[PDB]
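Worksheet: one structure, shown below.
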Number of protein chains: 2
Amino acid sequence: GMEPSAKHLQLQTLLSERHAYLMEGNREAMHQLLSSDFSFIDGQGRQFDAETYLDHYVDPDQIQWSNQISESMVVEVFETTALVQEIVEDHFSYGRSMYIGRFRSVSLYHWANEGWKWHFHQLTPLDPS
Amino acid sequence: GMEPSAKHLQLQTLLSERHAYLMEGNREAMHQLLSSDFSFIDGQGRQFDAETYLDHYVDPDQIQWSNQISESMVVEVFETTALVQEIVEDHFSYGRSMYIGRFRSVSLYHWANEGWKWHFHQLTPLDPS
């Protein structure tokens with residue numbers, strides 16, 4: 001009777017779909033992942049809502065991603081929330097220049113109505129490799 | 001029959017007791033607030049466990065706090081967790097010099113066995129006032 005937790009699997013699926021959507025600049029699909037009170041804090045401490053996050057990080061006329069390498073990750077699932085810690089190396093173009101930056105990031109996902117959404121994200125800058 | 005939620009009140013009490021313990025350098029009382037897998041990420045991305053967090057931030061032979069001003073805060077309580085966002089201005093002495101620094105911080109608290117514990121914290125540096 002013992003089977004993989006559908007709750008834990010659906011989180012791994014969202015973390016994949018989100019990455020695909022970021023690489024690809026898929027604004028419609030990325031919005032669908034975001035909780036209605038979503039917020040994102042970048043490594044300078046600037047706060048984005050759903051709409052402005054999407055404008056800056058997920059619109060292929062401004063930003064073109066080549067990679068986000070996940071060096072490291074810890075996932076903890078609670079009852080209604082999950083907390084993810086990650087060290088990422090981001091690679092993207094912005095205005096025909098190309099940028100690299102590493103971060104220690106934390107996110108929270110919210111499990112409601114049998115589905116997960118991305119609710120909060122925050123970046124803390126790390127030194128380059 | 002309608003009464004203040006004991007769950008939401010006990011979180012406000014922990015956020016107070018923690019502050020008192022930080023100002024005062026109360027290592028025994030601060031340890032009691034920490035979850036058993038506690039971690040703390042500072043604004044450079046360095047990771048502390050319970051023991052090393054306490055050594056660096058809560059031992060009055062190394063650090064002497066004069067203040068942590070909470071400029072701003074959002075609390076969201078879920079079923080088993082709470083997520084707190086805060087802008088803090090920290091003021092402390094370390095080796096007879098005196099330091100100021102502002103941060104955008106996020107924390108997670110874990111509600112188990114009818115009690116809250118501080119489970120995760122992360123800092124992202126902000127510019128001075």
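Going through the structure tokens in order, the chains are called A, B, and so on, while each chain numbers its residues from 1 and the ligands are numbered from 1 in the order shown.
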
*Give the residues of chain A that lie within 10 Å of chain B; count only C-alpha atoms, and format the answer as a count of residues only.*
29

_Surrounding residues of residue A:23 excluding itself and chain neighbours under 5 positions, 9 Å, only C-alpha atoms, as an MDAnalysis selection string_ = chainID A and resid 18 58 64:68

Produce a file of the selected residues containing C-alpha atoms, as a compact mmCIF listing (two decimals), in the first residue's frame.
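again.txt, written as the output of this step:
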```txt
# COMPACT_ATOMS: atom_id res chain seq x y z
CA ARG A 18 9.45 26.74 -12.75
CA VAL A 58 10.51 36.34 -16.98
CA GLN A 64 17.37 35.94 -21.74
CA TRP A 65 18.49 33.15 -19.38
CA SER A 66 21.25 30.71 -20.35
CA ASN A 67 21.31 28.85 -17.00
CA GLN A 68 20.51 28.56 -13.29
```

*Give me the residues within 9 Å of stretch 50-52 of chain B as a list in words, counting only C-alpha atoms and dropping any in the same chain fewer than 6 places off.*
residues 31, 34, 35, 36, 37, 38, 39 and 40 of chain B

*Could you give me, as a PyMOL selection string, each residue of chain B that DSSP assigns to helix (DSSP H, G or I) when run on this structure's backbone?*
chain B and resi 6-24+27-33+50-57

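The nearest approach to residue B:90 among the residues B:33, B:74, B:22, B:54, with only C-alpha atoms taken into account, belongs to B:22.
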
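Atom CA of residue B:84 is found 22.3 Å from atom CA of residue B:25.
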
*Could you tell me, as a PyMOL selection string, which residues of chain B DSSP assigns to strand (DSSP E or B) when given the backbone?*
chain B and resi 34-41+47-48+63-77+81-94+97-112+115-126

*Mind checking which residues fall within 9 Å of stretch 5-11 of chain A, counting only C-alpha atoms, ignoring those fewer than 6 positions away in the same chain, and posting them as an MDAnalysis selection string?*
chainID A and resid 77 82 109 111 114:117

Could you save those same residues with N, CA, C and O atoms as a PDB file, in the first residue's frame?
```
ATOM      1  N   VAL A  77       9.315  19.719   3.904  1.00  0.00           N
ATOM      2  CA  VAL A  77       7.881  19.830   3.709  1.00  0.00           C
ATOM      3  C   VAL A  77       7.193  19.780   5.061  1.00  0.00           C
ATOM      4  O   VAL A  77       7.449  18.894   5.848  1.00  0.00           O
ATOM      5  N   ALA A  82       6.200  24.443   2.439  1.00  0.00           N
ATOM      6  CA  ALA A  82       7.483  23.796   2.249  1.00  0.00           C
ATOM      7  C   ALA A  82       8.523  24.899   2.209  1.00  0.00           C
ATOM      8  O   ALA A  82       8.262  25.980   1.695  1.00  0.00           O
ATOM      9  N   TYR A 109       6.794  27.534  -0.310  1.00  0.00           N
ATOM     10  CA  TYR A 109       5.678  27.134  -1.142  1.00  0.00           C
ATOM     11  C   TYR A 109       4.478  26.868  -0.245  1.00  0.00           C
ATOM     12  O   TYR A 109       4.623  26.504   0.909  1.00  0.00           O
ATOM     13  N   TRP A 111       0.792  24.961   0.027  1.00  0.00           N
ATOM     14  CA  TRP A 111      -0.065  23.853  -0.398  1.00  0.00           C
ATOM     15  C   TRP A 111      -1.520  24.122   0.005  1.00  0.00           C
ATOM     16  O   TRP A 111      -1.882  24.075   1.175  1.00  0.00           O
ATOM     17  N   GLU A 114      -5.149  21.112  -2.857  1.00  0.00           N
ATOM     18  CA  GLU A 114      -4.455  19.969  -3.463  1.00  0.00           C
ATOM     19  C   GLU A 114      -3.386  20.360  -4.496  1.00  0.00           C
ATOM     20  O   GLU A 114      -3.084  19.581  -5.397  1.00  0.00           O
ATOM     21  N   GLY A 115      -2.829  21.565  -4.377  1.00  0.00           N
ATOM     22  CA  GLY A 115      -1.817  22.050  -5.316  1.00  0.00           C
ATOM     23  C   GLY A 115      -0.814  22.898  -4.576  1.00  0.00           C
ATOM     24  O   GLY A 115      -1.127  23.412  -3.504  1.00  0.00           O
ATOM     25  N   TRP A 116       0.395  23.022  -5.130  1.00  0.00           N
ATOM     26  CA  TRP A 116       1.430  23.897  -4.570  1.00  0.00           C
ATOM     27  C   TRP A 116       1.487  25.183  -5.358  1.00  0.00           C
ATOM     28  O   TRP A 116       1.274  25.185  -6.550  1.00  0.00           O
ATOM     29  N   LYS A 117       1.829  26.268  -4.685  1.00  0.00           N
ATOM     30  CA  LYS A 117       2.223  27.502  -5.350  1.00  0.00           C
ATOM     31  C   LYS A 117       3.492  28.073  -4.713  1.00  0.00           C
ATOM     32  O   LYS A 117       3.753  27.855  -3.555  1.00  0.00           O
TER      33      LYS A 117
END
```

*Check the smallest atom-to-atom distance from each of B:16, B:62, B:26, B:113 to residue B:97 using only C-alpha atoms, then report the winner.*
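Among the listed residues, B:62 lies closest to residue B:97.
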
*Please indicate the distance in Å from atom CA of residue A:92 to atom CA of residue A:27, rounded to one decimal place.*
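Value for the atom CA of residue A:92-atom CA of residue A:27 distance: 16.5 Å.
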
*asked:* From the options A:129, A:112, A:12, A:21, which residue's atoms come nearest to residue A:60, counting only C-alpha atoms?
replied: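 With only C-alpha atoms as the atom set, the closest residue is A:21.
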
*Between A:28, A:17, A:3, A:89, single out the one closest to residue A:69, counting only C-alpha atoms.*
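Answer, going by the shortest atom-to-atom distance: A:89.
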
*When distances are computed from only C-alpha atoms, which of A:128, A:59, A:72, A:119 shows the smallest separation from residue A:94?*
A:59
